[PDB]
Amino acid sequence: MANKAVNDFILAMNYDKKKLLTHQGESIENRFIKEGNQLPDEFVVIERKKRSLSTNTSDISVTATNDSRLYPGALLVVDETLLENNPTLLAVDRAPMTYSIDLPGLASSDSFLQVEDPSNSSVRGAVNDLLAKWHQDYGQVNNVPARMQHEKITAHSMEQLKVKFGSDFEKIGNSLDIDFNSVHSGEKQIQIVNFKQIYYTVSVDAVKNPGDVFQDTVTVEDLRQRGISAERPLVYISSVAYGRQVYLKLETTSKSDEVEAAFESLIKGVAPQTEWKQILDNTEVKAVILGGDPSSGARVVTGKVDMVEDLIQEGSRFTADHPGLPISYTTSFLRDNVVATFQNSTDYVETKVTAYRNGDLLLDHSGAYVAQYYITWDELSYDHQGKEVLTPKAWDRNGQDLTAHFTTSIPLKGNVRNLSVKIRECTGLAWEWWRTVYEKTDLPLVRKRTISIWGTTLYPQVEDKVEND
C-alpha cells in the first residue's frame, strides 16, 4: 500500500537536525580601530570592534503579508530556502487534520477545528468562520486584549539585524532606510525595535505517524519526484501566531550615554527627563506596520518621536473586527515531532561613540598693569593604529605685554586636552618684577570659561567663571 510505504520512507530517514538548520553569516577578520572625527559643535572619538552575534530559535518571524505557504499544518522542505525563510511548500494531497485555536474566552468545545483538505484558504476559512461566531458572544461584550512581546537591538550591520530578527529581515530593513554608514562614521545612533501583538494562535497536535498527513493516493514516487529524501526531509508548521507586528527604527544624531534610556522611556511612554528631551527632539522615526488593520499589506511610515505612543496601542485590542495575519510560526520535523531550531550567526563591526563638546576660553583684562598670558594645551587625535597622539599647541599671543581693556575669545575644540593657563602681571617693583595672578593646569574643557583679571600692580584680582549647562 502507498501510505505504508510513505510512512516507512519518512521513518527510515536519518539526518543531522542541527547541521541542516545552521547558517553562517559573513566572516570578518578581528579588528579594532580608534578614530577621531571633528563635528561642528563636538569632537567624536569612535571605537570599532569586530563582534559576533549568534541566535538559536524556533520562532520564525513573518515579514510577508499574504503568504499562502504559511498555514498551520503546511509541509515545508528542509533546505537552504527554509533557512532563508523562503520555504518550498510540499503541496501534495493532504489528509484531514485537526487544529486547536487559542483565544481568550472559549470553552475547549469550540476550540477544535477539523479541516478536511488542509490549505491556506481552507484553514483560513475554518478559523475566520469560528472567529465570526466568536465576535457575537465574546469579542464585543468582553474586552479581549492582545498579547504583547517586544525585542530591541542597536543597529550595526544588516547581517547582524538578520541574525536578530530573521533571515528575510531586509524586506523590512530596506523599507526603514537604515543609515549604517552614519552609525559607522559616528554621527548617528540607531536602535531597531520589534513589537508583536498576538491575537490568537492556531496549533497542530503531534502527528502520530508521518504518513498521517498524506491522502492514501500519495506515493513514495511522488515525494521523491519533489526531491524529498534524508538529504531534504520534511517539517510541518506546528503553530502560527496571528496578530499585528511593528518594526520601529529610532535614529538619533546624539552621541550620548543616555540614548538607550531615552529610547526606552519612549517605548514605555514614560515622561522624558531633560537630558533625553534633547535626544528625543533630534530623533527620526521610520516604521513598518504589518497588519492589525484591513487589509493584509505593509505600511511604511516616517514621523516624529511623538508617533510611537500611537503605533503601539493602535491594534492592541482584539475585538476581532478584522482577524490578524501571521506574525510568526514554528516548525516541527514530520519524522518525530522534534521542534526545528535554527542556528544563525554572523560577525559584525560594532561602533561605540564618545563625544567631547567644543568650548570657548574668554579673557578679560581690566587691571592697571601689563599682563602676560601663557596658555598651552594638547590637541588629541589618533594615528592609523588607533593610538593616542598629543600635538602641543599654544595661544598665538603668549608672553606678549597686554594692557587693559583687553578682551578675547579663544575657541577650543573638543579634542583639546591638558589646558594650562598661567597669568602674570608686571608690578613695576625692581625686586619683584612679575607676580603670578593665575596658574592652573589641566583645566576642564567647559562650554564657556571666562578668566577676568583686574585690580592694581600691588593688589591684583582674578575671577575664573565657568558656564557649563
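Note that residue numbering follows the sequence shown and begins at 1.
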item	value
Entry-level comparison of average CA B-factors, 147-155 and 130-138, reporting the higher stretch	130-138
Of 229-237 and 314-322, the stretch whose C-alpha atoms average the higher B-factor in the entry	314-322
Which of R94, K304, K162, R244 ranks first by CA B-factor in the deposited coordinates	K304
Residue of maximum C-alpha B factor among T57, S54, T65, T403, per deposited coordinates	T65
Record-listed C-alpha B factor of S296: chain third	highest
Chain third (lowest, middle, highest) by recorded CA B-factor, residue given as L39	highest
Cα B factor band for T407 (lowest, middle or highest third within the chain)	lowest
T219 by Cα B-factor - lowest, middle or highest third of the modelled chain	lowest
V270 - Cα temperature factor, lowest/middle/highest third of chain	highest
